[PDB]
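This report concerns only the one structure given below.
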Amino acid sequence: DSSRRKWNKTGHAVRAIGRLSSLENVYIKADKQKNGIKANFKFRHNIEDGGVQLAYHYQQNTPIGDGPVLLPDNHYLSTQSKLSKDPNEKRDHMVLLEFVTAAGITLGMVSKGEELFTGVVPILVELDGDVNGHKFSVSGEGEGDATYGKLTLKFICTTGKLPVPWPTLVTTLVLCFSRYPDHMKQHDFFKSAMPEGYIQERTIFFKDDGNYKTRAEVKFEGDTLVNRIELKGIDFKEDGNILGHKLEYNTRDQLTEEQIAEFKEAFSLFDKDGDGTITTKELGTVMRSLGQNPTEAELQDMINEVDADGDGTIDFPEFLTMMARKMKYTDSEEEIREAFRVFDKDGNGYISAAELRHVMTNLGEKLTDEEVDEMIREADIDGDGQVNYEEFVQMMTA
Ligand SMILES: [Ca+2]
Ligand SMILES: [Ca+2]
Ligand SMILES: [Ca+2]
Ligand SMILES: [Ca+2]
Ligand SMILES: [Ca+2]
Ligand SMILES: [Ca+2]
Ligand SMILES: [Ca+2]
Ligand SMILES: [Ca+2]
């Protein structure tokens with residue numbers, strides 16, 4: 001009904017502000033001392049029975065050769081991964097489709113190495129791992145098309161059963177296939193190092209669990225881009241999310257026309273002039289009405305995090321993409337409590353009629369005592385005439 005609808009709209013607006021206030025990309029910076037780069041990012045692994053397992057990545061890349069390389073200005077990669085199974089494959093395996101694009105530098109050149117990536121390039125991946133003494137090997141093959149930032153790879157566990165979930169190896173298992181836009185070609189360290197290649201090293205901290213340490217060599221061997229990796233994992237819990245295999249494999253890419261309609265309702269709460277784009281002025285208006293008070297610089301940074309075309313506004317399509325990702329990957333307890341606190345103004349753990357009234361009428365919706373109570377009632381599982389945390393979580397989940 002049109003009170004379930006008022007939750008969705010208001011809920012989606014609050015989750016849009018949570019996304020814009022988070023750091024979900026691959027952040028790249030120059031490392032002049034090593035003639036390379038550093039990167040850091042957070043990867044979200046959905047836990048099968050509900051919840052999210054966070055993996056915090058720190059990364060270093062250094063050229064294998066002494067040729068000149070491109071040291072970038074600060075930017076990010078935005079990524080999109082889809083995992084599948086080959087229905088005719090009997091071995092323990094993963095099929096990976098990946099798109100990666102560079103952005104984060106607003107609107108206002110090309111290495112010799114970039115010429116090696118103008119068409120489709122065959123890829124080979126080899127990994128040797130040891131997690132808590134559980135050894136394994138992975139072999140992969142496929143191709144990369146950097147013109148579109150596109151990877152297709154199939155991986156086999158050559159040692160039998162993979163002792164960790166496949167999703168935990170995705171980031172370890174060729175950022176030289178990223179699409180850099182024309183205005184960012186001078187910031188592409190990865191292709192610039194080719195064909196001699198680069199060393200990629202990481203430490204990956206699985207929160208409340210162990211860590212991976214990785215070292216990889218990425219270079220051309222003949223016409224093939226090869227990724228050779230060693231992985232060491234330590235201090236994992238015997239029945240944690242990783243060694244207990246509790247992580248989801250296939251995350252939902254299935255996004256209904258009903259869900260898109262819900263996102264467009266939320267969009268139009270921000271896009272108050274109906275021109276199909278959200279400006280810093282429009283984002284700030286909504287945040288102030290929810291009781292936050294961002295500076296111009298914060299608003300610019302929030303938009304920059306999802307601003308695919310670098311024009312300084314969140315276009316409708318950029319808004320749909322950001323919302324699709326936000327529904328695909330589970331929020332942490334901390335992010336859900338932060339959304340809850342937008343409503344629970346007094347912090348007593350209960351969203352009251354007065355509290356939800358105060359939110360709704362500050363967001364500019366004219367709702368009288370009646371439909372407020374209709375909204376409370378829609379979410380009120382236990383009859384107390386208020387919305388508690390668990391009731392909030394249920395309202396917010398698709
Ligand atoms: Ca992720
Ligand atoms: Ca990090
Ligand atoms: Ca994924
Ligand atoms: Ca290219
Ligand atoms: Ca607008
Ligand atoms: Ca834009
Ligand atoms: Ca309260
Ligand atoms: Ca209740």
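Identifiers in this document derive from the order of the structure tokens: chains are assigned A, B, ..., residues are numbered from 1 separately in each chain, and ligands are numbered from 1 in order of occurrence.
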
Neighbours of ligand 4 within 9 Å, counting only C-alpha atoms and all ligand atoms, as a PyMOL selection string? chain A and resi 114-119+145-149+177-180+191

Dump C-alpha atoms for the selected residues as a short mmCIF file (atom, residue, chain, number, x, y, z; two decimals), in the first residue's frame?
data_model
loop_
_atom_site.label_atom_id
_atom_site.label_comp_id
_atom_site.auth_asym_id
_atom_site.auth_seq_id
_atom_site.Cartn_x
_atom_site.Cartn_y
_atom_site.Cartn_z
CA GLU A 114 48.73 0.96 -23.28
CA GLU A 115 49.24 -0.14 -26.99
CA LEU A 116 49.45 -3.80 -25.79
CA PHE A 117 45.78 -3.58 -24.58
CA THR A 118 43.95 -2.17 -27.67
CA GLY A 119 42.25 -5.57 -28.42
CA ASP A 145 39.38 -6.24 -23.13
CA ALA A 146 40.68 -3.00 -21.50
CA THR A 147 38.69 -0.92 -24.08
CA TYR A 148 35.59 -1.83 -22.00
CA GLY A 149 37.35 -2.62 -18.65
CA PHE A 177 42.57 -4.43 -17.89
CA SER A 178 40.80 -1.40 -16.19
CA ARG A 179 39.24 1.17 -18.51
CA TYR A 180 40.88 4.60 -18.01
CA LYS A 191 49.56 -0.55 -18.47
#

Once you count only C-alpha atoms and all ligand atoms, which residues end up within 7 Å of ligand 1, and could you hand them over as number ranges by chain? A: 42-45, 329

Please dump the current selection as an mmCIF file, in the first residue's frame; keep N, CA and C atoms.
data_model
loop_
_atom_site.group_PDB
_atom_site.id
_atom_site.type_symbol
_atom_site.label_atom_id
_atom_site.label_comp_id
_atom_site.auth_asym_id
_atom_site.auth_seq_id
_atom_site.Cartn_x
_atom_site.Cartn_y
_atom_site.Cartn_z
ATOM 1 N N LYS A 42 37.764 -1.621 0.728
ATOM 2 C CA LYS A 42 36.939 -2.522 1.567
ATOM 3 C C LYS A 42 36.128 -3.395 0.609
ATOM 4 N N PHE A 43 36.193 -4.707 0.761
ATOM 5 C CA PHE A 43 35.361 -5.639 -0.014
ATOM 6 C C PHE A 43 34.313 -6.221 0.931
ATOM 7 N N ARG A 44 33.093 -6.318 0.426
ATOM 8 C CA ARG A 44 31.917 -6.821 1.170
ATOM 9 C C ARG A 44 31.630 -8.240 0.677
ATOM 10 N N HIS A 45 31.684 -9.226 1.563
ATOM 11 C CA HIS A 45 31.240 -10.622 1.301
ATOM 12 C C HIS A 45 29.940 -10.872 2.067
ATOM 13 N N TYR A 329 24.882 -5.813 -1.942
ATOM 14 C CA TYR A 329 25.880 -6.113 -0.889
ATOM 15 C C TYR A 329 25.286 -5.657 0.427
#

Neighbourhood of ligand 8 at 12 Å, counting only C-alpha atoms and all ligand atoms, reported as a list in words: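 Within the 12 Å cut-off, the matching residues are residues 349, 350, 351, 352, 353, 373, 375, 376, 377, 378, 379, 380, 381, 382, 383, 384, 385, 386, 387, 388, 389, 390, 391, 392, 394 and 395 of chain A.
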
How would the residues just picked look written out with N, CA and C atoms as a CSV table (one decimal), in the first residue's frame?
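The result, written out as result.csv:
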chain,number,residue,atom,x,y,z
A,349,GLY,N,16.4,3.5,21.2
A,349,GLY,CA,16.3,2.2,20.6
A,349,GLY,C,14.9,2.0,20.0
A,350,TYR,N,14.1,3.1,19.9
A,350,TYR,CA,12.6,3.0,19.5
A,350,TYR,C,12.3,4.2,18.7
A,351,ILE,N,11.9,4.0,17.4
A,351,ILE,CA,11.3,5.1,16.6
A,351,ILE,C,9.9,5.3,16.9
A,352,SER,N,9.6,6.4,17.5
A,352,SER,CA,8.2,6.8,17.9
A,352,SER,C,7.5,7.5,16.8
A,353,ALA,N,6.1,7.5,16.9
A,353,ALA,CA,5.3,8.3,16.0
A,353,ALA,C,5.8,9.8,15.9
A,373,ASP,N,0.8,7.0,11.7
A,373,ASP,CA,0.4,5.8,12.6
A,373,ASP,C,0.3,4.6,11.6
A,375,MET,N,2.0,4.1,8.9
A,375,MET,CA,3.5,3.8,8.7
A,375,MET,C,4.0,3.0,9.8
A,376,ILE,N,3.9,3.5,11.1
A,376,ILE,CA,4.4,2.8,12.3
A,376,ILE,C,3.8,1.4,12.3
A,377,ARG,N,2.5,1.3,12.1
A,377,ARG,CA,1.7,0.0,12.2
A,377,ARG,C,2.3,-0.9,11.1
A,378,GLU,N,2.6,-0.4,10.0
A,378,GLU,CA,3.1,-1.2,8.8
A,378,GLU,C,4.4,-2.0,9.2
A,379,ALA,N,5.3,-1.3,10.0
A,379,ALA,CA,6.6,-1.9,10.5
A,379,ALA,C,6.5,-2.5,11.9
A,380,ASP,N,5.4,-2.2,12.6
A,380,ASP,CA,5.3,-2.6,14.1
A,380,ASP,C,5.0,-4.1,14.3
A,381,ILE,N,6.0,-4.9,14.3
A,381,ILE,CA,5.8,-6.4,14.4
A,381,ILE,C,5.2,-6.8,15.7
A,382,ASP,N,5.5,-6.1,16.8
A,382,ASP,CA,5.3,-6.6,18.2
A,382,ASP,C,4.2,-5.7,18.9
A,383,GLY,N,3.6,-4.8,18.2
A,383,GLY,CA,2.3,-4.1,18.7
A,383,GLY,C,2.5,-2.9,19.6
A,384,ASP,N,3.7,-2.6,19.9
A,384,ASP,CA,4.0,-1.5,21.0
A,384,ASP,C,3.8,-0.1,20.5
A,385,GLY,N,3.5,0.1,19.2
A,385,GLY,CA,3.3,1.4,18.6
A,385,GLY,C,4.5,2.2,18.4
A,386,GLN,N,5.7,1.5,18.3
A,386,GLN,CA,7.0,2.1,18.0
A,386,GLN,C,7.8,1.2,17.1
A,387,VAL,N,8.8,1.7,16.4
A,387,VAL,CA,9.7,0.8,15.6
A,387,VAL,C,11.0,0.6,16.3
A,388,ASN,N,11.3,-0.7,16.7
A,388,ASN,CA,12.6,-1.0,17.3
A,388,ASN,C,13.7,-1.4,16.2
A,389,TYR,N,14.9,-1.6,16.6
A,389,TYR,CA,16.0,-1.9,15.7
A,389,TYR,C,15.7,-3.1,14.7
A,390,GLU,N,15.2,-4.2,15.3
A,390,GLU,CA,15.0,-5.5,14.5
A,390,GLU,C,13.8,-5.2,13.5
A,391,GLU,N,12.8,-4.5,13.9
A,391,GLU,CA,11.7,-4.1,13.1
A,391,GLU,C,12.2,-3.2,12.0
A,392,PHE,N,13.2,-2.3,12.3
A,392,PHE,CA,13.8,-1.3,11.3
A,392,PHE,C,14.5,-2.1,10.2
A,394,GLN,N,14.1,-5.2,9.3
A,394,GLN,CA,13.2,-5.9,8.5
A,394,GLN,C,12.5,-5.0,7.5
A,395,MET,N,12.2,-3.7,7.9
A,395,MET,CA,11.6,-2.8,6.9
A,395,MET,C,12.6,-2.4,5.8

Between CA of residue 36 in chain A and CA of residue 108 in chain A - distance in Å to one decimal: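 Pair CA of residue 108 in chain A / CA of residue 36 in chain A returns 25.3 Å.
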
Pick out the residues no farther than 8 Å from ligand 5, counting only C-alpha atoms and all ligand atoms, and list them as a PyMOL selection string. chain A and resi 270-279+282

For the residues in the current selection, export C-alpha atoms as a short mmCIF file (atom, residue, chain, number, x, y, z; two decimals), in the first residue's frame.
data_model
loop_
_atom_site.label_atom_id
_atom_site.label_comp_id
_atom_site.auth_asym_id
_atom_site.auth_seq_id
_atom_site.Cartn_x
_atom_site.Cartn_y
_atom_site.Cartn_z
CA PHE A 270 16.80 14.62 -4.08
CA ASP A 271 16.16 15.87 -7.69
CA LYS A 272 13.69 18.57 -6.54
CA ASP A 273 13.83 20.56 -9.83
CA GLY A 274 13.16 17.39 -11.95
CA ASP A 275 16.15 17.92 -14.35
CA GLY A 276 17.33 14.28 -13.90
CA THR A 277 20.52 15.05 -11.92
CA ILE A 278 21.41 15.70 -8.24
CA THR A 279 23.65 18.78 -7.55
CA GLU A 282 20.14 19.41 -3.82
#

Any idea what's packed within 6 Å of range 77-80 of chain A, counting only C-alpha atoms, ignoring anything in its chain fewer than 2 positions away? Could you give it as JSON, numbers by chain? {"A": [25, 26, 98, 99, 100, 101, 102]}

Next, dump the selected residues to file, keeping only N, CA and C atoms, as a PDB file, in the first residue's frame.
ATOM      1  N   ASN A  25      35.075   2.407  -3.321  1.00  0.00           N
ATOM      2  CA  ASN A  25      35.870   2.178  -4.549  1.00  0.00           C
ATOM      3  C   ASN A  25      37.276   1.662  -4.182  1.00  0.00           C
ATOM      4  N   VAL A  26      38.111   1.486  -5.216  1.00  0.00           N
ATOM      5  CA  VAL A  26      39.553   1.136  -5.063  1.00  0.00           C
ATOM      6  C   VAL A  26      40.374   2.424  -5.191  1.00  0.00           C
ATOM      7  N   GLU A  98      34.071  -9.502 -14.807  1.00  0.00           N
ATOM      8  CA  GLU A  98      34.483  -8.289 -14.063  1.00  0.00           C
ATOM      9  C   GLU A  98      34.541  -7.116 -15.047  1.00  0.00           C
ATOM     10  N   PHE A  99      33.982  -5.983 -14.654  1.00  0.00           N
ATOM     11  CA  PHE A  99      34.194  -4.666 -15.295  1.00  0.00           C
ATOM     12  C   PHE A  99      34.831  -3.729 -14.272  1.00  0.00           C
ATOM     13  N   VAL A 100      35.874  -3.035 -14.696  1.00  0.00           N
ATOM     14  CA  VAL A 100      36.604  -2.061 -13.852  1.00  0.00           C
ATOM     15  C   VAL A 100      36.838  -0.778 -14.646  1.00  0.00           C
ATOM     16  N   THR A 101      36.416   0.350 -14.104  1.00  0.00           N
ATOM     17  CA  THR A 101      36.631   1.675 -14.726  1.00  0.00           C
ATOM     18  C   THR A 101      37.289   2.623 -13.719  1.00  0.00           C
ATOM     19  N   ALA A 102      38.216   3.439 -14.201  1.00  0.00           N
ATOM     20  CA  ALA A 102      38.858   4.523 -13.445  1.00  0.00           C
ATOM     21  C   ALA A 102      37.925   5.737 -13.437  1.00  0.00           C
TER      22      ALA A 102
END

List the spatial neighbours of residue 33 in chain A as a list in words - criterion: any atom at most 12 Å away, only C-alpha atoms, same-chain residues fewer than 4 positions off excluded.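 With the cut-off at 12 Å, the set is residues 37, 38, 60, 61, 62 and 71 of chain A.
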
Next, write the just-selected residues to a file, as a short mmCIF file (atom, residue, chain, number, x, y, z; two decimals), in the first residue's frame, keeping C-alpha atoms as the atom set.
data_model
loop_
_atom_site.label_atom_id
_atom_site.label_comp_id
_atom_site.auth_asym_id
_atom_site.auth_seq_id
_atom_site.Cartn_x
_atom_site.Cartn_y
_atom_site.Cartn_z
CA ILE A 37 51.39 3.02 -6.37
CA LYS A 38 49.49 2.09 -3.23
CA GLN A 60 51.35 -1.95 -3.22
CA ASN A 61 52.45 -2.17 -6.88
CA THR A 62 56.07 -1.69 -8.09
CA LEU A 71 52.67 7.87 -11.33
#

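Restricting the calculation to only C-alpha atoms and all ligand atoms, the smallest distance between ligand 2 and any of A:46, A:40, A:21, A:2 is found for A:40.
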
Of the candidates A:169, A:20, A:14, A:131, which one gets nearest to ligand 3 if we count only C-alpha atoms and all ligand atoms? A:169

From the list A:11, A:290, A:75, A:120, which residue is nearest residue 307 in chain A when using only C-alpha atoms?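 Using only C-alpha atoms, residue 307 in chain A sits closest to A:75.
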
Please check which protein, DNA or RNA residues sit within 10 Å of ligand 2, counting only C-alpha atoms and all ligand atoms, and write them as a list in words.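 Taking only C-alpha atoms and all ligand atoms into account, the residues around ligand 2 at most 10 Å away are residues 23, 24, 26, 27, 39, 40, 41, 42, 43, 54, 55, 56, 57, 58, 59, 203, 204 and 205 of chain A.
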
Interface rows for chain A against ligand 6: nearest pair, Å to one decimal, 9 Å, only C-alpha atoms and all ligand atoms, as a tab-separated table:
residue	atom	partner	partner_atom_place_in_ligand_line	distance
A:277	CA	ligand 6	1 (Ca)	7.8
A:278	CA	ligand 6	1 (Ca)	8.6
A:303	CA	ligand 6	1 (Ca)	7.9
A:304	CA	ligand 6	1 (Ca)	8.2
A:306	CA	ligand 6	1 (Ca)	7.5
A:307	CA	ligand 6	1 (Ca)	4.3
A:308	CA	ligand 6	1 (Ca)	5.5
A:309	CA	ligand 6	1 (Ca)	4.7
A:310	CA	ligand 6	1 (Ca)	5.3
A:311	CA	ligand 6	1 (Ca)	4.7
A:312	CA	ligand 6	1 (Ca)	5.5
A:313	CA	ligand 6	1 (Ca)	4.4
A:314	CA	ligand 6	1 (Ca)	4.6
A:315	CA	ligand 6	1 (Ca)	5.1
A:316	CA	ligand 6	1 (Ca)	8.7
A:317	CA	ligand 6	1 (Ca)	8.8
A:318	CA	ligand 6	1 (Ca)	6.6

Write out as a list in words each polymer residue whose atoms come within 6 Å of range 213-224 of chain A, counting only C-alpha atoms; drop sequence neighbours fewer than 4 positions from it.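 My reading of the contact set: residues 122, 123, 195, 196, 197, 198, 199, 200, 201, 202, 203, 228, 229, 230, 231 and 232 of chain A.
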
Expected file contents, prior selection, N, CA and C atoms, as a compact mmCIF listing (two decimals), in the first residue's frame:
# COMPACT_ATOMS: atom_id res chain seq x y z
N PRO A 122 44.69 -12.65 -24.16
CA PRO A 122 44.57 -13.87 -23.37
C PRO A 122 45.26 -13.68 -22.01
N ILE A 123 44.67 -14.27 -20.98
CA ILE A 123 45.14 -14.18 -19.58
C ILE A 123 45.38 -15.59 -19.04
N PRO A 195 55.52 -4.14 -21.16
CA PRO A 195 55.30 -5.56 -20.83
C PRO A 195 56.10 -6.20 -19.70
N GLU A 196 57.13 -5.52 -19.19
CA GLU A 196 58.01 -6.07 -18.12
C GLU A 196 57.15 -6.38 -16.88
N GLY A 197 56.18 -5.53 -16.59
CA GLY A 197 55.11 -5.87 -15.63
C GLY A 197 55.32 -5.27 -14.25
N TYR A 198 54.57 -5.74 -13.25
CA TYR A 198 54.70 -5.18 -11.89
C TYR A 198 54.49 -6.28 -10.87
N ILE A 199 54.99 -6.01 -9.68
CA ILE A 199 54.70 -6.85 -8.49
C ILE A 199 53.46 -6.24 -7.81
N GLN A 200 52.43 -7.04 -7.54
CA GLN A 200 51.27 -6.58 -6.73
C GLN A 200 51.35 -7.33 -5.41
N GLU A 201 51.37 -6.61 -4.31
CA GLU A 201 51.33 -7.20 -2.97
C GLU A 201 50.14 -6.67 -2.21
N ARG A 202 49.56 -7.52 -1.40
CA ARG A 202 48.47 -7.09 -0.54
C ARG A 202 48.53 -7.78 0.82
N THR A 203 47.93 -7.10 1.79
CA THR A 203 47.42 -7.69 3.03
C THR A 203 45.92 -7.43 3.07
N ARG A 228 50.88 -14.48 -11.62
CA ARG A 228 51.42 -15.60 -10.79
C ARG A 228 51.46 -15.14 -9.32
N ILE A 229 50.81 -15.89 -8.45
CA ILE A 229 50.47 -15.44 -7.09
C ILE A 229 50.89 -16.50 -6.08
N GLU A 230 51.43 -16.03 -4.96
CA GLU A 230 51.53 -16.78 -3.71
C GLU A 230 50.66 -16.08 -2.67
N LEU A 231 49.95 -16.87 -1.88
CA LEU A 231 48.98 -16.40 -0.87
C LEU A 231 49.29 -17.15 0.42
N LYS A 232 49.43 -16.41 1.50
CA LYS A 232 49.55 -16.99 2.85
C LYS A 232 48.47 -16.40 3.74

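From CA of residue 255 in chain A back to CA of residue 18 in chain A, the distance works out to 20.0 Å.
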
Residue contacts of residue 323 in chain A (9 Å, only C-alpha atoms) excluding same-chain residues fewer than 6 positions away, as a list in words: residues 12, 15, 16, 19, 260 and 263 of chain A

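Minimum distance to ligand 7 across A:364, A:347, A:181, A:240 (counting only C-alpha atoms and all ligand atoms) occurs at A:347.
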
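Selection of all polymer residues within 7 Å of ligand 3 on the basis of only C-alpha atoms and all ligand atoms gives residues 81, 82, 83, 167 and 251 of chain A.
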
For each of A:330, A:256, A:397, A:285, take the minimum atom-to-atom distance to residue 269 in chain A, counting only C-alpha atoms, then give the residue where this is smallest.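 Nearest to residue 269 in chain A: A:285.
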
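With distances restricted to only C-alpha atoms, A:86 is the closest residue to residue 153 in chain A from A:49, A:188, A:86, A:374.
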